[PDB]
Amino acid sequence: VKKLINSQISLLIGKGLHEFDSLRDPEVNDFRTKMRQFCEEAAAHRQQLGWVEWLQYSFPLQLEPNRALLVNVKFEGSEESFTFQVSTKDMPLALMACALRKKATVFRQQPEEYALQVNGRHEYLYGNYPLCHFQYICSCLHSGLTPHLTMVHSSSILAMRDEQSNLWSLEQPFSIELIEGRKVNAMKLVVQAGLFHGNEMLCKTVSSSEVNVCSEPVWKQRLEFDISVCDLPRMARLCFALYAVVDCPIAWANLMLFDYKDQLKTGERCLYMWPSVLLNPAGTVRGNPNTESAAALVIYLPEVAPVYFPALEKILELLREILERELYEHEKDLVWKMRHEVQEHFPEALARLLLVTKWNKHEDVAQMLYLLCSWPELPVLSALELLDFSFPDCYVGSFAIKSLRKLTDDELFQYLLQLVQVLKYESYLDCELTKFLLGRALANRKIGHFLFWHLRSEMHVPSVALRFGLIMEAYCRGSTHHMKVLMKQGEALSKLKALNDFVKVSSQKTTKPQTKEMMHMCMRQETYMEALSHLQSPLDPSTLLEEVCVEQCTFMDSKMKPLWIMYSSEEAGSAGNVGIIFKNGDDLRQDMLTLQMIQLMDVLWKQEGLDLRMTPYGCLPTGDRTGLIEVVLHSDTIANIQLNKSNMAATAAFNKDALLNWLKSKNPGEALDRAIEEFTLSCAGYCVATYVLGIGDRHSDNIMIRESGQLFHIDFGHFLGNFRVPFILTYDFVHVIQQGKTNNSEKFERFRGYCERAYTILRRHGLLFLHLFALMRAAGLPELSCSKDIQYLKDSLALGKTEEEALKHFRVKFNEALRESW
């Protein structure tokens, strides 16, 4: 019945749906019901899409940001296949017609009714794009393999779609009654509070009277705040901090002064507080659900009788350029004076205007919101700024989502990590961002995939557990089939957790080979073989993890014993030979963010025609200190290469030549030049990427080389110079760039040219990183917690410099890095 979906969702999110009901909360109850009906509307629209439109849902195109190639094509009900000489500039339609003419001769007797599936994968090639503009063809051309595609008819694609179906009057000062506590401490107890509107204060922070660590301490004091009640903004947020004194932080707690129906909150409130590292504005406005052992304040918010926030209709009724590109009071007031001409001539400066409006005075808010509701939509870049906690107001928030609707699915994917973390800054469950992310997730299954996992990865955190569970529950109402697909993934990871816990215990007692043999026995059980096999990869749902290749599975010797899990496929061939690494015990978010930013750098470089040959490999947290990492096969560490062990192809007279002999052995004869280029390009990319991102602790063990020449980085424990990390040039890579010559300035200075181009391209999108890192502060990443972390980026890119000045400064750091190389 309905009941089976509920128990499946419950298992899928790690939080039973009985628990949502047991709160008796009207906001939860109205989120669930209102978002259920919204996601079910999507699910209906989804099942009546056309077959091409369904491919757009299920397998959205992997596109890149003349010349010949072999393509091998087959038809779905056949092993008999054909090979074709085609051009890289031809459409899929041209190729599909080629296939049908070779079939109509072999079988002796329309291209529009087909889609090319990438063999043994959930990737499809269709639409009016040249072959080399598809990521599969482009990947294939660099790596050198023949494409393997399959003609899938529309009736068979529709068969897939089928089987997935489901007010101003009050001028008194705002005040409270601080009643009492119920907590523990080692002195006297002070309760400082404050009215914040985002980061900014609506008035100074009024303390409570000092009182002894008496219980369960009692106060029964008025606190009177320096602000009229009519001047409270819609997102007025009252923020407490309980600490002790003769500073000693103990707890904190926030709540919105207006409830989710716009009503002002009266009367009594028990705030269940959270422990501390004093006053914490951006902290969540929901209480600690650990009600048993939580320090709890009770307070009263005076009755003033039922007063709702004014409806929008009521609100709407009620030297200049030189600065506009931190400002002084007169400059702020000149920016406010000319607010109408900001709307008319400089609409991209909305943010700076929003940071000069007095949010603690209500006429100014209406005068602002009046400008805001006719304000033209801004570019995607500008809207990512307005999502930050710096702009808490709902109309500004709702305006931002309105300017972000024109995000492409690829862009939305690009920023999905950051957008999810902004859900933590949200004050209420039902919000324009949630609905936006949910509606786009339900319109694109890849977006839907990754939204699920970004949320599912944080259910171990009580502050977001309720929000995230509910969103996940809503998504599942709107995609029964993808729920089941994801359960299969989660069942795989449950088994990997249990197999990894075995491997840890075992490794501490017996030898490496005997633990590996005993891992393989455990995997060869029905329950494991079934669970570990025949799923989609959480790292990339278009990757199919088919036959778990137990022989080649192992574990790595590092402290947490990450498992090495290899998968094969009959239908896919070499594309089906894929590896994943399950790591349990480490917080992979730090890594994931670092790889996504390098991926973005790659995207931004390719958009200016620069292909530095990066390796943007999957990294995805899936659970508490648990996640997956995509295996880049056919690669080894600089450490393992430079070991220089004998009876190998890299038998080297000098350790400087170990890499170059290694590259030689893997790329013999004419192909050595192609790999040194791959190496050089990739070396330059990661050199810049590490310098901008401030990635420290780089040694041979955590730098890998692919057998193509491509270099890339692993293990991102520290970033943004969290030990001012300088540019890193390594002699043995310099040796490879220079083709093993001691003096080869032409090949070396090309590499400086690549590094400089790469560095100047990121400086132009400096604001994109600044905005995206600003939104990431929401995550509570230990090394992304303050302004000096964001200042690192500003200084690494040199964002307040002229392009000429910054390039001069970059070349100092580069020449310094060159000197350091021996």
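Whichever C-alpha set is largest while still superposing within 1.5 Å between the two forms counts as the rigid core. Numbering starts at 1 and follows the sequence shown.
- In summary, of the stretches 148-156 and 78-86, 78-86 shows the greater Cα distance from the shown form in 9 other deposited structures of this protein, with structures fitted on the rigid core.
- Larger average C-alpha displacement in 9 other deposited structures of this protein, relative to the shown form after a rigid core fit, is seen for 177-185 when comparing 177-185 with 264-272.
- Looking at the other PDB entries for this protein, residue 131 is present in the model in all of those that include the residues around it, rather than absent from a third.
- In none of the other PDB entries of this protein that model the residues around it does residue 600 lack coordinates, well short of a third.
- Coordinates are given for every residue of the deposited sequence from residue 753 through residue 754, so that no gap is recorded there.
- Unmodelled residues of the deposited sequence between neighbouring positions residue 166 and residue 167 number 10 or more.
- Judged by mean Cα B factor in the deposited record, 361-369 ranks above the other of 418-426 and 361-369.
- A summary of the deposited B-factors shows that, of 733-741 and 536-544, the stretch with the larger mean C-alpha value is 733-741.
- Annotation for 649, 349, 658, 598: 649 ranks highest, by Cα B-factor.
- Ranking 127, 585, 721, 448 by Cα temperature factor from the entry places 721 first.
- For residue 605, the recorded CA temperature factor ranks within the lowest third of the chain's modelled residues.
- Looking at the C-alpha B-factors along this chain, the one for residue 301 belongs to the highest third.
- Per-chain ranking of the deposited C-alpha B factor places residue 555 in the lowest third.
- When the CA B factors of the chain's modelled residues are split into thirds, the value for residue 272 lands in the middle one.
- Among all modelled residues in this chain, the alpha-carbon of residue 762 has a temperature factor (C-alpha) in the lowest third.
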